[PDB]
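1. Take a look and give me a structure for this.
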Amino acid sequence: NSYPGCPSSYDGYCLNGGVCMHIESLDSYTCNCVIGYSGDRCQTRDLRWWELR
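-> Numbers count the residues shown, from 1 in each chain. Next up is the structure itself:
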């Protein structure tokens, strides 16, 4: 499952211009981005239609 969360443990898990959201699969934290960026945050500065609507 996935859940919105981002404690103060870190600081700027998302770069370029993304939003932070937590995961419950590995109790890990991740970050979403926009066209021209994705991955664990915004590292994959690529196109790659990875979204809809």
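2. mind pulling up the phi and psi values for the most centrally placed residue in the chain?
-> Nearest to the mean C-alpha position of the chain, by CA atoms, centre = their mean, lies residue 31 at 1.3 Å. When read as degrees, to the nearest 10, the backbone of residue 31 gives phi -150, psi 130.
3. my guess is it meets residue 42, correct?
-> Yes. Here residue 31 reaches residue 42: they are 6.6 Å apart, a contact under CB atoms under 8 Å. Placement of C-beta: from N, CA and C, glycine included.
4. Now do the shared contacts for these two.
-> 14, 15, 18 (CB atoms under 8 Å, 6 or more residues apart in numbering).
5. who does the closest residue to the first one other than its chain neighbours bridge with?
-> Spatial nearest neighbour of residue 14, chain neighbours left out: residue 31 (3.8 Å); criterion: CB to CB, 6 or more residues apart in numbering. Each beta-bridge partner of residue 31 is listed here: residue 20, as defined by DSSP bridges.
6. Please report the distance of residue 31 from residue 47.
-> 18 Å (CB to CB, to the nearest Å).
7. How about residue 19?
-> 19 Å.
8. out of these two, which sits in the busier spot?
-> Legend: neighbour count by other CB atoms under 10 Å for residue 19 and residue 47, higher for residue 19 (14 against 10).
9. Can you select the buried ones from the shared contacts of residue 31 and residue 42 in PyMOL?
-> This is the PyMOL syntax for the buried subset of the shared contacts of residue 31 and residue 42, where burial follows 16 or more other CB atoms under 10 Å:
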select buried, resi 14+18
